[PDB]
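Structure, as structure tokens:
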Protein chains: 2
Amino acid sequence: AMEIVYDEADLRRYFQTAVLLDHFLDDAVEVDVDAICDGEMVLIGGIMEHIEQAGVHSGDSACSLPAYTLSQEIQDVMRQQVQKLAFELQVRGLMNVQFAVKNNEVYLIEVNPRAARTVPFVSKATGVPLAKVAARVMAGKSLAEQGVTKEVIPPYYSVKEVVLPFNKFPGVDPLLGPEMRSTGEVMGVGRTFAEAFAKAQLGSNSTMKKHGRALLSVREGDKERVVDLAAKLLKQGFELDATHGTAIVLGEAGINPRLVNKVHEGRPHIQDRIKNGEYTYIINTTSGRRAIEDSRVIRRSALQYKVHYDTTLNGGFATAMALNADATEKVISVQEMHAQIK
Amino acid sequence: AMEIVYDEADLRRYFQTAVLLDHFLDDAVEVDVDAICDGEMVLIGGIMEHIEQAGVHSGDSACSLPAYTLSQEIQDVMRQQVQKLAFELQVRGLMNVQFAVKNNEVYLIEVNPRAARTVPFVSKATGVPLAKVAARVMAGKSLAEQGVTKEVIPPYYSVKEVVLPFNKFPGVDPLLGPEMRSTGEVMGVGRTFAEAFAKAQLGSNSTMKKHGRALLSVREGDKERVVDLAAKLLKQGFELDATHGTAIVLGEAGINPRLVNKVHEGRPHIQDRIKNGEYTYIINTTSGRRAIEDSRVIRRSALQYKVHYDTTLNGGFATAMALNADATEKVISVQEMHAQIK
Ligand SMILES: Nc1ncnc2c1ncn2[C@@H]1O[C@H](COP(=O)(O)OP(=O)(O)O)[C@@H](O)[C@H]1O
Ligand SMILES: Nc1ncnc2c1ncn2[C@@H]1O[C@H](COP(=O)(O)OP(=O)(O)O)[C@@H](O)[C@H]1O
Ligand SMILES: NCCC[C@H](N)C(=O)O
Ligand SMILES: NCCC[C@H](N)C(=O)O
Ligand SMILES: [Cl-]
Ligand SMILES: [Cl-]
Ligand SMILES: [Cl-]
Ligand SMILES: [Cl-]
Ligand SMILES: [K+]
Ligand SMILES: [K+]
Ligand SMILES: [K+]
Ligand SMILES: [K+]
Ligand SMILES: [Mn+2]
Ligand SMILES: [Mn+2]
């Protein structure tokens, strides 16, 4: 059971309720790299950029292969580090490495010296059966002997999205965090990231629509980038609702959402509006135990009412991009996918 | 000393800091009627309909001759009532009667069996020198004998607005009530109530602009009608800002102002805005000893920064109507005015 303490008081408050301590890498991109070491060389299976930032468990994060925003440059630094780690720790077969990118800096989060859960997706995505390869390495056949020595970068994007069991446990706050709660995953294949993401999103049973009213209620950190999300939604045809401070931020930028009351503020409030079906999209971000506790009503309603919702700004942007794609437009077989690989 | 108490709490509260008790006619139109009685008959000098509701002292209320909203049927009752009083009281000379109209019902405020401060305005409006006649009547010369027996109804609108000394006493809260504080008055003459109001407004040294951003912050009782007012403002090309509760009501009507913070909510706040000359108009209504003391900065700032502001919704509608008029478009002389009277 992890925790992200924000302040001193927070700390106590934690222990009370409650040991390692790690500085939390706020606003960093999380990445996973799957690889194979045969003692002689390292084979990079895949570099997957997560959509949800570090702090949202990698198992609960949607992710993309190839990276959708990371510079090749910083990806090179990761590949090198993966390499140094592989040789140093004497890996023989699969490994997984998790990093956090912040301010153009690579930070190591952990090393899993075995097959990680990302293995099948990377394999489907790249056409290389890494578990068969790594198993051959284990039994003694080298990467070189098997002919699997060069990293494969596919010509299309593969996006992985997860499914959470929150609807099975209503009393739980359907919020993402450092601890993994998802039961499964799906894969979206597209020409662009928007396209992959849209397939991934639909595949994951998302109720997201291409029109309607969107409710925006974001935390302080999010106040800046929210403006841009709000316009993208505007550009797409949605109308907007916003709670107090979010409305303020949007107002100051020129966006004037319809103001909506928090449960405490009066009626009608969000709960009522959600209950009524006024929304087709909800973007709600939060930060701080207490802040989280209050906003619980939103997610709870959103889930109960089947309204698609994002709890991270990164996810919101990803959702916004997919609005530009059409998941039903084109289909492709795995055989065809793999045949496109040069 | 008069004040309106709203609840049990409030009443002691008063008595504390502090005798007749009278029920307060809320959301009522105040009316003034000047009249002459000689024992034989009653001449109606004029029926004036206040812009500001009962609760804002007549003396500080803007007014209209002829009535701009009241039905003929209701004036008829007041006319009826006045006569009854005159004879009843044995009025010989001038008299004044104040009424309040609630739900199509006429309530009697007071009777002043003497010359009222409205006499000169009525005289000027109607061409009938009420003071001369009444004196004559007082000395023994009947209306009949004077040949002043019919109620004159002007072909033009006559609006009286007042001037308040707030600017000379900064420490004071520039807000209207049951006690009179104005020192003078002005008159506006027009083809329409709007044109008349517009002249009276300009006459009163108002800083009202025909463009800019308006700030709307209104009470509960007003939250409903404010929509129409907001619409007018928008139709006129103003941009709107609203405090929370007001913003909620508008938005719920399709009207999304720019949300703004009270002083206690954040920076920038209203005071700041005002201070920055961000507004050209402010509509601020309040109810309650506290809601009032809490809004004080709005009015003080507004007065101090020379921004035109109205403290009644009625006053705000009038201001709006006047936006459709040109005070400097047409001029007329008292002589012509009177010449127009048949
Ligand atoms: N220092 C950190 N800064 C930001 N996020 C972190 C940090 N440490 C861990 N996390 C978050 O916690 C998650 C799980 O931590 P990790 O060490 O990988 O635990 P696990 O063994 O459960 O897989 C990560 O996937 C990440 O999103
Ligand atoms: N019962 C009432 N309901 C509403 N407003 C009232 C009532 N009584 C007085 N007022 C308001 O207070 C003002 C002053 O009361 P009034 O008896 O006329 O006082 P004054 O002697 O100063 O002229 C009125 O002009 C009116 O707007
Ligand atoms: N990849 C996690 C699922 C995202 C979920 N809609 C949310 O953002 O909370
Ligand atoms: N006739 C009263 C003065 C009007 C002023 N703008 C107010 O509404 O406070
Ligand atoms: Cl794993
Ligand atoms: Cl449950
Ligand atoms: Cl008087
Ligand atoms: Cl003073
Ligand atoms: K993550
Ligand atoms: K692990
Ligand atoms: K009045
Ligand atoms: K009096
Ligand atoms: Mn991990
Ligand atoms: Mn009076």
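Residue numbers start at 1 in each chain; chains themselves are named A, B, ... in the order of the structure tokens; ligands are numbered from 1 in the order shown.
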Up to 9 Å from chain B, what residues of chain A turn up? Count only C-alpha atoms and give them as a count of residues only. 17
Test item: residues lying within 8 Å of ligand 13 with only C-alpha atoms and all ligand atoms, as JSON, numbers by chain: {"A": [57, 58, 59, 98, 109, 110, 111, 112]}
May I have the residues within 8 Å of residue 45 of chain B as a PyMOL selection string, using only C-alpha atoms and disregarding those fewer than 4 positions away in the same chain? chain B and resi 33-36+122-123+126+128+130+151-152
May I have a table of the residues of chain B lying at most 8 Å from ligand 11, giving each one's closest pair of atoms and their distance in Å to one decimal, counting only C-alpha atoms and all ligand atoms, ordered by chain and ascending residue number, as JSON lines?
{"residue": "B:29", "atom": "CA", "partner": "ligand 11", "partner_atom_place_in_ligand_line": "1 (K)", "distance": 7.0}
{"residue": "B:30", "atom": "CA", "partner": "ligand 11", "partner_atom_place_in_ligand_line": "1 (K)", "distance": 4.9}
{"residue": "B:31", "atom": "CA", "partner": "ligand 11", "partner_atom_place_in_ligand_line": "1 (K)", "distance": 7.6}
{"residue": "B:50", "atom": "CA", "partner": "ligand 11", "partner_atom_place_in_ligand_line": "1 (K)", "distance": 5.3}
{"residue": "B:51", "atom": "CA", "partner": "ligand 11", "partner_atom_place_in_ligand_line": "1 (K)", "distance": 6.6}
{"residue": "B:52", "atom": "CA", "partner": "ligand 11", "partner_atom_place_in_ligand_line": "1 (K)", "distance": 4.5}
{"residue": "B:53", "atom": "CA", "partner": "ligand 11", "partner_atom_place_in_ligand_line": "1 (K)", "distance": 4.3}
{"residue": "B:54", "atom": "CA", "partner": "ligand 11", "partner_atom_place_in_ligand_line": "1 (K)", "distance": 4.3}
{"residue": "B:55", "atom": "CA", "partner": "ligand 11", "partner_atom_place_in_ligand_line": "1 (K)", "distance": 5.9}
{"residue": "B:56", "atom": "CA", "partner": "ligand 11", "partner_atom_place_in_ligand_line": "1 (K)", "distance": 4.4}
{"residue": "B:57", "atom": "CA", "partner": "ligand 11", "partner_atom_place_in_ligand_line": "1 (K)", "distance": 5.2}
{"residue": "B:58", "atom": "CA", "partner": "ligand 11", "partner_atom_place_in_ligand_line": "1 (K)", "distance": 4.7}
{"residue": "B:59", "atom": "CA", "partner": "ligand 11", "partner_atom_place_in_ligand_line": "1 (K)", "distance": 7.9}
{"residue": "B:60", "atom": "CA", "partner": "ligand 11", "partner_atom_place_in_ligand_line": "1 (K)", "distance": 7.3}
{"residue": "B:61", "atom": "CA", "partner": "ligand 11", "partner_atom_place_in_ligand_line": "1 (K)", "distance": 5.0}
{"residue": "B:62", "atom": "CA", "partner": "ligand 11", "partner_atom_place_in_ligand_line": "1 (K)", "distance": 7.7}
Same residues, N, CA, C and O atoms, output as an mmCIF file, in the first residue's frame:
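Output file result-v6.cif follows:
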data_model
loop_
_atom_site.group_PDB
_atom_site.id
_atom_site.type_symbol
_atom_site.label_atom_id
_atom_site.label_comp_id
_atom_site.auth_asym_id
_atom_site.auth_seq_id
_atom_site.Cartn_x
_atom_site.Cartn_y
_atom_site.Cartn_z
ATOM 1 N N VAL B 29 -43.888 48.295 -5.727
ATOM 2 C CA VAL B 29 -43.691 49.539 -6.462
ATOM 3 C C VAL B 29 -44.144 50.648 -5.566
ATOM 4 O O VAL B 29 -45.228 50.542 -5.004
ATOM 5 N N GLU B 30 -43.330 51.687 -5.413
ATOM 6 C CA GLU B 30 -43.735 52.794 -4.581
ATOM 7 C C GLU B 30 -44.323 53.864 -5.508
ATOM 8 O O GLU B 30 -43.838 54.068 -6.618
ATOM 9 N N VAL B 31 -45.382 54.541 -5.064
ATOM 10 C CA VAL B 31 -46.063 55.552 -5.856
ATOM 11 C C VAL B 31 -46.299 56.811 -5.038
ATOM 12 O O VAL B 31 -46.585 56.720 -3.847
ATOM 13 N N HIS B 50 -42.233 55.426 -8.734
ATOM 14 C CA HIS B 50 -40.812 55.300 -8.415
ATOM 15 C C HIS B 50 -40.110 54.190 -9.192
ATOM 16 O O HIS B 50 -40.661 53.142 -9.487
ATOM 17 N N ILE B 51 -38.858 54.407 -9.527
ATOM 18 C CA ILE B 51 -38.109 53.352 -10.211
ATOM 19 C C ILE B 51 -37.750 52.342 -9.117
ATOM 20 O O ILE B 51 -38.149 51.224 -9.207
ATOM 21 N N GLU B 52 -37.028 52.769 -8.055
ATOM 22 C CA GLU B 52 -36.602 51.931 -6.931
ATOM 23 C C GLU B 52 -37.807 51.559 -6.125
ATOM 24 O O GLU B 52 -38.672 52.411 -5.923
ATOM 25 N N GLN B 53 -37.836 50.307 -5.664
ATOM 26 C CA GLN B 53 -38.964 49.742 -4.896
ATOM 27 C C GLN B 53 -39.239 50.392 -3.554
ATOM 28 O O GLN B 53 -38.434 51.163 -3.056
ATOM 29 N N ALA B 54 -40.373 50.040 -2.971
ATOM 30 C CA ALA B 54 -40.671 50.510 -1.637
ATOM 31 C C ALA B 54 -39.528 49.934 -0.792
ATOM 32 O O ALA B 54 -39.091 48.797 -0.932
ATOM 33 N N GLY B 55 -39.001 50.724 0.081
ATOM 34 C CA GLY B 55 -37.874 50.291 0.856
ATOM 35 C C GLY B 55 -36.750 51.293 0.639
ATOM 36 O O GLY B 55 -35.990 51.551 1.532
ATOM 37 N N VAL B 56 -36.640 51.868 -0.572
ATOM 38 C CA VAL B 56 -35.704 52.941 -0.911
ATOM 39 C C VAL B 56 -36.535 54.225 -0.774
ATOM 40 O O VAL B 56 -37.479 54.393 -1.549
ATOM 41 N N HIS B 57 -36.218 55.080 0.213
ATOM 42 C CA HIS B 57 -36.945 56.310 0.516
ATOM 43 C C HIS B 57 -37.374 57.062 -0.747
ATOM 44 O O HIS B 57 -36.583 57.131 -1.677
ATOM 45 N N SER B 58 -38.603 57.580 -0.803
ATOM 46 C CA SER B 58 -39.068 58.320 -1.985
ATOM 47 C C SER B 58 -38.075 59.384 -2.370
ATOM 48 O O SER B 58 -37.682 59.541 -3.527
ATOM 49 N N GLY B 59 -37.660 60.091 -1.331
ATOM 50 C CA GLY B 59 -36.714 61.162 -1.468
ATOM 51 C C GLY B 59 -35.464 60.716 -2.200
ATOM 52 O O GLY B 59 -34.728 61.548 -2.687
ATOM 53 N N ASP B 60 -35.177 59.429 -2.294
ATOM 54 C CA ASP B 60 -33.950 59.059 -2.998
ATOM 55 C C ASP B 60 -34.215 58.206 -4.193
ATOM 56 O O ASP B 60 -33.325 57.654 -4.849
ATOM 57 N N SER B 61 -35.494 58.131 -4.448
ATOM 58 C CA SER B 61 -35.944 57.329 -5.532
ATOM 59 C C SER B 61 -36.095 58.115 -6.832
ATOM 60 O O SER B 61 -36.512 59.251 -6.815
ATOM 61 N N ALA B 62 -35.776 57.500 -7.956
ATOM 62 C CA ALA B 62 -35.988 58.172 -9.209
ATOM 63 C C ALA B 62 -37.507 58.032 -9.447
ATOM 64 O O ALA B 62 -38.142 57.182 -8.847
#
Residue 194 of chain A surroundings by only C-alpha atoms, 6 Å radius, close-in-sequence under 4 positions cut, as an mmCIF file with C-alpha atoms, in the first residue's frame:
data_model
loop_
_atom_site.group_PDB
_atom_site.id
_atom_site.type_symbol
_atom_site.label_atom_id
_atom_site.label_comp_id
_atom_site.auth_asym_id
_atom_site.auth_seq_id
_atom_site.Cartn_x
_atom_site.Cartn_y
_atom_site.Cartn_z
ATOM 1 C CA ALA A 198 -9.228 5.692 -29.958
ATOM 2 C CA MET A 321 -6.845 13.502 -29.575
ATOM 3 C CA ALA A 322 -8.930 10.412 -30.180
ATOM 4 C CA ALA A 325 -10.073 9.505 -35.026
#
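Considering only C-alpha atoms and all ligand atoms, every residue of the polymer chains approaching ligand 4 to 6 Å or closer is listed here: residues 60, 61, 62, 161, 162, 175, 176, 309, 310, 311, 312 and 315 of chain B.
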All residues within 10 Å of ligand 7 are required, counting only C-alpha atoms and all ligand atoms; please report them as a PyMOL selection string. chain B and resi 58-59+95-97+112-119
Could you take the residues named above and write them with N, CA and C atoms, as a PDB file, in the first residue's frame?
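Everything below was put into again_31.pdb:
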ATOM      1  N   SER B  58     -38.603  57.580  -0.803  1.00  0.00           N
ATOM      2  CA  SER B  58     -39.068  58.320  -1.985  1.00  0.00           C
ATOM      3  C   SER B  58     -38.075  59.384  -2.370  1.00  0.00           C
ATOM      4  N   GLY B  59     -37.660  60.091  -1.331  1.00  0.00           N
ATOM      5  CA  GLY B  59     -36.714  61.162  -1.468  1.00  0.00           C
ATOM      6  C   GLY B  59     -35.464  60.716  -2.200  1.00  0.00           C
ATOM      7  N   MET B  95     -51.818  68.078  -0.569  1.00  0.00           N
ATOM      8  CA  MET B  95     -51.647  66.880   0.197  1.00  0.00           C
ATOM      9  C   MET B  95     -50.803  65.941  -0.634  1.00  0.00           C
ATOM     10  N   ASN B  96     -50.230  64.941   0.036  1.00  0.00           N
ATOM     11  CA  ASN B  96     -49.413  63.955  -0.634  1.00  0.00           C
ATOM     12  C   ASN B  96     -49.743  62.615  -0.062  1.00  0.00           C
ATOM     13  N   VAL B  97     -49.805  61.617  -0.929  1.00  0.00           N
ATOM     14  CA  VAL B  97     -50.107  60.287  -0.507  1.00  0.00           C
ATOM     15  C   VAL B  97     -49.106  59.335  -1.106  1.00  0.00           C
ATOM     16  N   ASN B 112     -49.506  62.914   3.708  1.00  0.00           N
ATOM     17  CA  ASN B 112     -48.918  64.166   4.110  1.00  0.00           C
ATOM     18  C   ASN B 112     -49.852  65.238   3.612  1.00  0.00           C
ATOM     19  N   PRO B 113     -50.619  65.786   4.536  1.00  0.00           N
ATOM     20  CA  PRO B 113     -51.587  66.818   4.265  1.00  0.00           C
ATOM     21  C   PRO B 113     -50.956  68.217   4.271  1.00  0.00           C
ATOM     22  N   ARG B 114     -49.939  68.315   3.420  1.00  0.00           N
ATOM     23  CA  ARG B 114     -49.144  69.491   3.171  1.00  0.00           C
ATOM     24  C   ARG B 114     -48.411  69.361   1.825  1.00  0.00           C
ATOM     25  N   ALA B 115     -47.650  70.400   1.520  1.00  0.00           N
ATOM     26  CA  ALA B 115     -46.851  70.493   0.335  1.00  0.00           C
ATOM     27  C   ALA B 115     -45.730  69.505   0.435  1.00  0.00           C
ATOM     28  N   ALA B 116     -45.549  68.703  -0.594  1.00  0.00           N
ATOM     29  CA  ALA B 116     -44.502  67.698  -0.658  1.00  0.00           C
ATOM     30  C   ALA B 116     -43.392  68.110  -1.621  1.00  0.00           C
ATOM     31  N   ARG B 117     -42.190  67.591  -1.362  1.00  0.00           N
ATOM     32  CA  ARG B 117     -41.006  67.898  -2.144  1.00  0.00           C
ATOM     33  C   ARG B 117     -41.105  67.529  -3.586  1.00  0.00           C
ATOM     34  N   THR B 118     -42.236  66.918  -3.994  1.00  0.00           N
ATOM     35  CA  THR B 118     -42.449  66.515  -5.372  1.00  0.00           C
ATOM     36  C   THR B 118     -43.228  67.591  -6.143  1.00  0.00           C
ATOM     37  N   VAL B 119     -43.872  68.475  -5.391  1.00  0.00           N
ATOM     38  CA  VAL B 119     -44.655  69.536  -5.985  1.00  0.00           C
ATOM     39  C   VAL B 119     -44.000  70.290  -7.142  1.00  0.00           C
TER      40      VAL B 119
END
Test item: residues no farther than 10 Å from ligand 6, counting only C-alpha atoms and all ligand atoms, as a PyMOL selection string: chain A and resi 166-173
